[PDB]
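Shown next, in structure tokens, is the structure this report addresses.
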Amino acid sequence: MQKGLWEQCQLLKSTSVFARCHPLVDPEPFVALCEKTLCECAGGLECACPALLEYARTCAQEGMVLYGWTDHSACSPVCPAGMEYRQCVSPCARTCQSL
Amino acid sequence: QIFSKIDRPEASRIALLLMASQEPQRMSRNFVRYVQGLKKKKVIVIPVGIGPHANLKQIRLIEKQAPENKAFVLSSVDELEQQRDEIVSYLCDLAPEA
């Protein structure tokens, strides 16, 4: 447990972008999970990222895509070289050799 | 300045204090005085707090002054689209006919 890291978990409750999802998904379970993974943490603020990412994905499943959560937080979901992470990517992404 | 003179004493007078931010404590010292003055003019104030940063304390302080000053608290601005119908229903319930 560390207060500075604990702020990152509290992002789920305090930040406006996540606050959109409260009517659909209660953040408290994710906050508790985030706190205990910070206890398990072996790094910096990024240890809170799995909880935030899962909360955003749960919200997207329920219907609300939290377009801005990656900018407000310090997190950056891993992507292969050269590709950007983005919410609501269309599955039919355009390859050149595609009709 | 708005309700300086009550030129329609028969008409209901209502304000939506739609609010989404805190204010420094030094600036909140005369808040209760102003809301009570509005009550003495029977100017209804309906606080509509939005977002995590809404000044919930000021909202509850408004609610304590009069029952008709009931508060709406919204997760985000897009919830206004959902709350609009009952908000207008309440506003027109608070207003008399000709």
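Lettering and numbering for the structure tokens are positional, with chains as A, B, ... in the shown order, residues counted from 1 in each chain, and ligands counted from 1 in the shown order.
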Residue 59 of chain B: which residues within 12 Å, counting only C-alpha atoms, same-chain residues fewer than 6 positions away excluded, as a CSV table (one decimal) with C-alpha atoms, in the first residue's frame?
```csv
chain,number,residue,atom,x,y,z
B,16,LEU,CA,-31.5,26.0,-12.2
B,17,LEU,CA,-28.2,26.3,-10.5
B,18,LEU,CA,-26.5,23.9,-12.9
B,19,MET,CA,-23.1,23.3,-11.5
B,20,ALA,CA,-20.1,21.1,-12.1
B,21,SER,CA,-17.2,22.6,-10.1
B,22,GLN,CA,-15.9,23.5,-6.7
B,31,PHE,CA,-23.5,31.3,0.0
B,32,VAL,CA,-26.1,30.5,2.7
B,35,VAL,CA,-29.8,31.3,-0.9
B,45,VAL,CA,-33.3,27.2,-6.7
B,46,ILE,CA,-33.0,23.7,-8.1
B,47,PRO,CA,-29.3,22.7,-8.0
B,48,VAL,CA,-28.2,20.3,-10.8
B,49,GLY,CA,-24.8,19.0,-9.8
B,50,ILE,CA,-22.9,17.2,-12.6
B,65,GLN,CA,-33.2,25.7,3.0
B,66,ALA,CA,-36.5,24.6,1.5
B,69,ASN,CA,-35.2,23.2,-3.6
B,70,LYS,CA,-34.7,19.5,-4.3
B,71,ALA,CA,-31.4,18.6,-6.0
B,72,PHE,CA,-30.5,16.7,-9.1
B,73,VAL,CA,-27.1,15.0,-9.2
```
- Message: Applying 10 Å and only C-alpha atoms, which residues near residue 47 of chain A remain after dropping the ones on its own chain fewer than 2 positions away? List them as a list in words.
- Response: residues 5, 8, 9, 34, 35, 37, 38, 39, 40, 41, 42, 43, 44, 45, 49, 50, 51, 52 and 75 of chain A
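Summary of the local environment: counting only C-alpha atoms, residues at most 6 Å from residue 76 of chain B, other than itself and those fewer than 2 positions away along its chain, are residues 20 of chain A; 50, 51, 74, 78 and 79 of chain B.
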Output file for the residues above (N, CA, C and O atoms, as an mmCIF file, in the first residue's frame):
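Output below, filename part_17.cif:
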```cif
data_model
loop_
_atom_site.group_PDB
_atom_site.id
_atom_site.type_symbol
_atom_site.label_atom_id
_atom_site.label_comp_id
_atom_site.auth_asym_id
_atom_site.auth_seq_id
_atom_site.Cartn_x
_atom_site.Cartn_y
_atom_site.Cartn_z
ATOM 1 N N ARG A 20 -18.738 8.850 -16.261
ATOM 2 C CA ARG A 20 -19.829 8.588 -17.189
ATOM 3 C C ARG A 20 -20.432 7.215 -16.956
ATOM 4 O O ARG A 20 -21.634 7.024 -17.158
ATOM 5 N N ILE B 50 -23.362 18.141 -11.574
ATOM 6 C CA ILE B 50 -22.916 17.243 -12.633
ATOM 7 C C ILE B 50 -21.442 16.922 -12.448
ATOM 8 O O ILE B 50 -20.621 17.827 -12.275
ATOM 9 N N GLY B 51 -21.108 15.637 -12.506
ATOM 10 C CA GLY B 51 -19.736 15.196 -12.489
ATOM 11 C C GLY B 51 -19.166 15.033 -11.099
ATOM 12 O O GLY B 51 -19.741 15.482 -10.107
ATOM 13 N N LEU B 74 -26.060 14.385 -11.248
ATOM 14 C CA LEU B 74 -25.877 13.645 -12.486
ATOM 15 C C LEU B 74 -24.444 13.148 -12.592
ATOM 16 O O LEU B 74 -23.506 13.841 -12.192
ATOM 17 N N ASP B 78 -24.143 14.236 -20.251
ATOM 18 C CA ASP B 78 -25.010 13.490 -21.155
ATOM 19 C C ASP B 78 -26.226 12.907 -20.448
ATOM 20 O O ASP B 78 -27.198 12.543 -21.116
ATOM 21 N N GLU B 79 -26.195 12.807 -19.117
ATOM 22 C CA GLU B 79 -27.362 12.365 -18.365
ATOM 23 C C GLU B 79 -28.466 13.416 -18.340
ATOM 24 O O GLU B 79 -29.596 13.103 -17.950
#
```
- Run DSSP on the backbone and grab whatever in chain B lands in strand (DSSP E); send it over as a ChimeraX atom specification. /B:13-19,43-50,72-74
Once you have the residues from the selection above, write them out as a tab-separated table (two decimals), in the first residue's frame, restricted to C-alpha atoms.
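Dumped to selection33.tsv:
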```
chain	number	residue	atom	x	y	z
B	13	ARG	CA	-39.76	32.21	-9.93
B	14	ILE	CA	-37.23	29.39	-10.43
B	15	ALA	CA	-33.46	29.11	-11.01
B	16	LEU	CA	-31.54	26.05	-12.20
B	17	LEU	CA	-28.15	26.29	-10.49
B	18	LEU	CA	-26.53	23.88	-12.91
B	19	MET	CA	-23.08	23.35	-11.46
B	43	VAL	CA	-37.15	32.38	-5.81
B	44	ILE	CA	-36.84	28.58	-6.03
B	45	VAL	CA	-33.33	27.24	-6.67
B	46	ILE	CA	-32.98	23.74	-8.15
B	47	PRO	CA	-29.30	22.70	-7.98
B	48	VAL	CA	-28.22	20.34	-10.77
B	49	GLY	CA	-24.81	18.96	-9.81
B	50	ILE	CA	-22.92	17.24	-12.63
B	72	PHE	CA	-30.54	16.66	-9.11
B	73	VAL	CA	-27.12	14.99	-9.15
B	74	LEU	CA	-25.88	13.64	-12.49
```
- Task: List the neighbours of residue 57 of chain A out to 10 Å using only C-alpha atoms; skip same-chain residues closer than 6 positions along the sequence, and give me the result as a PyMOL selection string.
- Result: chain A and resi 51+63-66+87
Export N, CA, C and O atoms of the chosen residues as an mmCIF file, in the first residue's frame?
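Final output, part.cif:
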```cif
data_model
loop_
_atom_site.group_PDB
_atom_site.id
_atom_site.type_symbol
_atom_site.label_atom_id
_atom_site.label_comp_id
_atom_site.auth_asym_id
_atom_site.auth_seq_id
_atom_site.Cartn_x
_atom_site.Cartn_y
_atom_site.Cartn_z
ATOM 1 N N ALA A 51 -6.726 -2.538 -13.834
ATOM 2 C CA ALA A 51 -8.070 -2.286 -13.328
ATOM 3 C C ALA A 51 -8.786 -1.235 -14.163
ATOM 4 O O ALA A 51 -9.966 -1.397 -14.490
ATOM 5 N N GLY A 63 -22.172 -0.449 -22.910
ATOM 6 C CA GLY A 63 -22.661 0.472 -23.915
ATOM 7 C C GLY A 63 -21.915 1.786 -24.012
ATOM 8 O O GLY A 63 -21.892 2.405 -25.077
ATOM 9 N N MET A 64 -21.291 2.226 -22.924
ATOM 10 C CA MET A 64 -20.600 3.509 -22.891
ATOM 11 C C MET A 64 -19.121 3.289 -23.165
ATOM 12 O O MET A 64 -18.414 2.698 -22.345
ATOM 13 N N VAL A 65 -18.653 3.769 -24.307
ATOM 14 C CA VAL A 65 -17.231 3.785 -24.612
ATOM 15 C C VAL A 65 -16.627 5.043 -24.009
ATOM 16 O O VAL A 65 -17.119 6.153 -24.240
ATOM 17 N N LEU A 66 -15.566 4.874 -23.233
ATOM 18 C CA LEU A 66 -14.983 5.970 -22.463
ATOM 19 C C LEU A 66 -13.832 6.606 -23.236
ATOM 20 O O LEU A 66 -12.688 6.598 -22.796
ATOM 21 N N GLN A 87 -9.909 3.582 -28.658
ATOM 22 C CA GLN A 87 -11.204 3.003 -28.360
ATOM 23 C C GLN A 87 -12.068 3.006 -29.612
ATOM 24 O O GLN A 87 -11.954 3.888 -30.466
#
```
- Task: Please identify every residue of chain A that has at least one atom no more than 7 Å from any atom of chain B, counting only C-alpha atoms, and report them as an NGL selection string.
- Result: :A and (14-16 or 19-20 or 22)
